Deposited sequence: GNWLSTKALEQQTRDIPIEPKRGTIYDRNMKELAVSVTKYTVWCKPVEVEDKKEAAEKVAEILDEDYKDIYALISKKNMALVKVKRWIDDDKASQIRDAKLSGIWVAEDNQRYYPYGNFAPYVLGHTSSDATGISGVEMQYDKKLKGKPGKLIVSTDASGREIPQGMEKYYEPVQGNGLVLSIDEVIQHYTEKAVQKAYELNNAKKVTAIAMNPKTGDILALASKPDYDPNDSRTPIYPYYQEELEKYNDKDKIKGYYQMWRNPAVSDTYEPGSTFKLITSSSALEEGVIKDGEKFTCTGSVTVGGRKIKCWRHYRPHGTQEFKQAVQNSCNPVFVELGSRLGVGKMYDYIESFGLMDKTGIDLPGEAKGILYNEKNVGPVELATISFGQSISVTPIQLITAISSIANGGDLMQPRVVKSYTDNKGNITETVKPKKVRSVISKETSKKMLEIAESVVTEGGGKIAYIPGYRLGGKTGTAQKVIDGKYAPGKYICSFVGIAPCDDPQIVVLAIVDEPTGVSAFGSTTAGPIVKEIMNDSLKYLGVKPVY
């Protein structure tokens, strides 16, 4: 079996490496004195007698693995023990040196070192070594766009929010909007790629004993599923950045136009309420309606666009199609067919309800607003290496299309900054770093229906808005026992990741 190629972060830190280890094997029948062998092996390996005894006493199993991937020192003690029916064999370990880290990027391999999830699978052929015969050649390596420092800050912020919000799931993606490079992708609960079948979060512990042995592979695939690329969700008010960009690009907002909030608008015989319908926003300039997250104003902009223009921009921002991200099992969101869209559906779409997207779709779309209107193909793999760590080839950023003009982009970045300085994203304000973004709080869809007390809260951030270098999307899925708002659950995630990442990146503060 040949070693797989090494997977590096963008600073050439090893994230996944094939290392030559030794495994302790046993044929029970060939073991003369089982208590004696168990005690010798147990002492060498530093394991409890009763556990090693239970392994080498096994019935009807002709060949038993006693312990995988022991170091050379302990493997030499086993050999030199000269025990019967007990031996050591060379065994390639697929080792992930940062452990419970970036599992939904890296993925993992089966027993035979075949990639079965994440980058390990997507680039299985590129990573595979060339076999030897009774010497093997290590496979070519990969350099990710992922930065282990930003990934750490992302994992840390997401793990904190998961505990604090007692959430079903917390997910964050950090993107370079200029290139579409993923800097970080974290979701909790997650798994350790060093031990892909051992749940390390109670949630997955409880989910794996709702399956019999025959069907446990289904529970494993559930735990290995990348929520950033495979799950869909109604994005809430973050989609108001899409509606705003579309409205400004189409010229449907007059300069100095005042929009009046009375707390509701009637469409299709239904009242669509402002969140603050008890205390109407009254007269608003457009900037102030985004700051206020005033639903009726977005209903009006949706109507001025109509179903056709609205669906053109949704398609153009990439929200009806896979992003083409180089990870396995991407979904493509859920949207009502354009020609069956009624007035109430159109009105809700205008503020991000009755449309489902992946997190990757939504961050990719928002990144085009932060990149002069250019939609980029997201990617995780930036470069290929030989088996000695030498770069052989690097991948160019791919511009898919211009969604909006440079002028609309600049106006939107000025509006996004004002949401964080003057509006509903104030919680995420960092002095000197010109953070912009938008919050969402959306009732959760389960089996095509809106369930009660179950929300998805999100915040998308862009920094710095004068020259965007990082976009962060954080999603808190079903926060429990807390103020369930985008600002209070997800805003602190984006603020922490932005604060730590911009200082790591050396972004100069401007006060």
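Student: Counting from 1 along the deposited sequence, give me every gap where there's no C-alpha, start to finish.
Tutor: In the chain as deposited, 1-18, 153-171 carry no coordinates.
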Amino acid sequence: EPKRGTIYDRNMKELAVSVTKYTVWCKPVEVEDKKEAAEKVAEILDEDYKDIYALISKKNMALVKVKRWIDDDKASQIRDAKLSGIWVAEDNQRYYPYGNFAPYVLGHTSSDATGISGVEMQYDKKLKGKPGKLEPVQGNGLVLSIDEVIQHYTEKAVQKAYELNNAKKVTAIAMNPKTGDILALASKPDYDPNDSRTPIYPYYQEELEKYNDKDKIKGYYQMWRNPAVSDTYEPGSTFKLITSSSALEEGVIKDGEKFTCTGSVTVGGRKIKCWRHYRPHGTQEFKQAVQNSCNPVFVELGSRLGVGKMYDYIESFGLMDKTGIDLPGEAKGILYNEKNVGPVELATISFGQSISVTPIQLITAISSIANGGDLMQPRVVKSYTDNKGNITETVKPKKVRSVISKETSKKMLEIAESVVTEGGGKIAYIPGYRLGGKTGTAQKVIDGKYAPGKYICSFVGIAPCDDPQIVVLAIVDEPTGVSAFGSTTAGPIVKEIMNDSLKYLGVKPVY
From here on, numbers count along this sequence of modelled residues.
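Student: On average, are the C-alpha B-factors higher in 401-409 or in 207-215?
Tutor: Stretch with the higher mean C-alpha B-factor: 207-215.
Student: Looking at the entry, does 64-72 or 444-452 show the higher mean C-alpha B-factor?
Tutor: On average, C-alpha B-factors are higher across 444-452.
Student: When the CA B-factors of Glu120, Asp181, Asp91, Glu148 are compared as recorded in the entry, which is the largest?
Tutor: Spelled out: the listed residue with the top C-alpha B-factor is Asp91.
Student: Out of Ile116, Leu335, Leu305, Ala102, which one has a C-alpha B factor higher than all the others in the entry?
Tutor: Answer, based on the entry's C-alpha B-factors: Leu335.
Student: Would you check the entry's CA temperature factor for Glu315 and let me know if it's in the chain's lowest, middle or highest third?
Tutor: As the PDB entry reports it, the C-alpha B-factor of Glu315 lands in the middle third of its chain.
Student: Using the B-factor values recorded in the entry, state whether the Cα atom of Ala463 falls in the lowest, middle or highest third among the modelled residues of its chain.
Tutor: Tercile = lowest for this residue's CA B-factor.
Student: How does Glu345 rank on Cα B-factor within its chain, lowest, middle or highest third?
Tutor: Highest third.
Student: Among the modelled residues of this chain, does the Cα B factor of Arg197 put it in the lowest, middle or highest third?
Tutor: CA B-factor rank for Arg197: highest third.
Student: Rank-wise, by C-alpha B-factor, drop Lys168 into the lowest, middle or highest third of its chain.
Tutor: According to the entry, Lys168 has a C-alpha B-factor in the chain's middle third.
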